[PDB]
Amino acid sequence: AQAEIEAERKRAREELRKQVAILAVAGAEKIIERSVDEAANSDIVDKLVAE
Amino acid sequence: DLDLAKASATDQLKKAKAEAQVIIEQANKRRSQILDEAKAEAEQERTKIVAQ
C-alpha cells in the first residue's frame, strides 16, 4: 500500500511538472515574439555561421 | 486369548491413529479459517489507507 502511494505521488508530481513546463515554454515563445529584431537576428547568425 | 490379544493390539493401534487423524484434520480447517480472516483484515486496511 505505501509503495503504491509513493508511486502515485511520483507520477502526479511529474504530471504537474510537465503541465507547468508547457506553460513556461509557451510564455518564452511569446517573449521571443515580443523581443526579437534584426540586430538580434544578425547576432544569432554571426554566432551560427562560424560553423 | 492369544489371538484375541493380537486383534486387540492392532485395533487399539488403529483407533489411536484415527484419533490423531481427527486432530490433524481439525487443525487444517482452523488454519484455513484464520488465514482467510487475516487476508480479509489486511485487504480492507489496504483499501481504506490508500483511499485516504
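As shown above, the structure is provided for reference.
Numbers given for residues start from 1 on each chain and follow the written sequence, which can depart from the numbering in the entry; residues without coordinates are excluded. Going through the entries in the order they are written, you letter the chains from A and number the ligands from 1. Note: displayed chains form a subset of a larger assembly, with all reported quantities computed for the displayed subset only. Hydrogens and water are ignored here; the side-chain numbers use all heavy atoms of the structure. Residues with missing side-chain atoms are left out of burial classes, side-chain pairs and their counts.

K.L.:
Which residues make up the overall build of chain B, and what values go with them?
P.N.:
Helical segments are the DSSP runs of H or I of at least four residues, strand segments are the runs of E of at least two, and each set is numbered from the N terminus. Counting secondary structure elements, chain B contains one helix and zero strands. For the radius of gyration, the atoms used are the C-alpha atoms, and the globule rule reads 2.2 Å times the number of residues raised to 0.38. The globule rule puts the C-alpha radius of gyration for 52 residues at 10 Å, and the 23 Å found for chain B is more than 25% above it. Across its three principal directions, the C-alpha atoms of chain B cover 75 × 5 × 5 Å.

K.L.:
Go over the overall build of chain A with me, naming the residues and quoting the values.
P.N.:
Counting its secondary structure elements, chain A contains two helices and zero strands. Relative to the compact-globule value of 10 Å for 51 residues, chain A shows a C-alpha radius of gyration of 20 Å, a clear excess of over 25%. Counting only C-alpha atoms, chain A reaches 60 × 25 × 5 Å along its principal axes. Type-normalised accessible area, obtained with a 1.4 Å probe on protein chains alone, sets the label of each residue: buried when under 20%, exposed when over 50%, and partly exposed for intermediate values. Evaluated residue by residue, chain A yields a buried proportion of 0% over its 51 residues. Where accessible areas are quoted, they stem from the Shrake-Rupley method and a 1.4 Å probe; at the residue level, only the protein chains shown are allowed to cover. Accessible surface, chain A: about 4,900 Å² in total, of which carbon and sulfur atoms supply 58%. In this tally, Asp and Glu contribute negative charge and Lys and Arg positive charge; neither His nor the terminal groups of the chain are included. Taken as the charge centre is NZ of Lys, CZ of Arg, CG of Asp or CD of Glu, depending on the residue. On chain A, the mean spot of the 9 positive side-chain charges and the mean spot of the 12 negative ones are 10 Å from each other.

K.L.:
Please provide a residue-by-residue account of the pattern of salt bridges, values included.
P.N.:
Pairing of side chains with opposite charge becomes possible as their charged atoms draw close. Salt bridges are defined as contacts in which a side-chain nitrogen from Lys or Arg sits within 4 Å of a carboxyl oxygen from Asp or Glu. Following the criterion strictly, the structure yields four salt bridges over all chains and no others. Between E14(A) and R17(A) there is a salt bridge, with the nearest N and O atoms lying 2.6 Å from each other. Placement of both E14(A) and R17(A) in helix α1 (residues 2-35) is noted, with a separation of three residues, approximately one turn of the helix. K48(B) is paired through a salt bridge with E45(B); the nearest N and O atoms lie 2.8 Å apart. Pair noted here: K48(B) and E45(B) are both in helix α1 (residues 2-51), with a separation of three residues, about one helical turn. The class for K48(B) is partly exposed, based on a relative accessible area of 43%. What makes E45(B) partly exposed here is its relative accessible area of 36%. A network of salt bridges, in which partner residues are shared, links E14(A), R17(A) and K18(A).

K.L.:
For the environment of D37(A), give the residues involved together with the corresponding values.
P.N.:
All names here are of chain A. Along the polypeptide, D37 turns up in the loop between α1 and α2 (38-48). Taking relative accessible area as the criterion, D37 reaches 38% and is therefore assigned partly exposed. Each polar contact in these results corresponds to two N or O atoms within 3.5 Å; when the atoms are within protein, one needs to be able to donate a hydrogen and the other to accept it, and residues that are neighboring in sequence are counted only if both atoms are side-chain atoms. In terms of polar contacts, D37 uses its side chain to reach the backbone amide nitrogen of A39, at 3.1 Å. A polar contact of 2.9 Å, which involves the side chain of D37, links it to the backbone nitrogen of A40.

K.L.:
If you had to explain the environment of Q19(A) to someone new, which residues and values would you point to?
P.N.:
Residue placement: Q19(A) occurs in helix α1. A polar contact is formed between the side chain of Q19(A) and the side chain of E15(A), at a distance of 2.7 Å.

No statement about biological role is implied by the geometric values presented.
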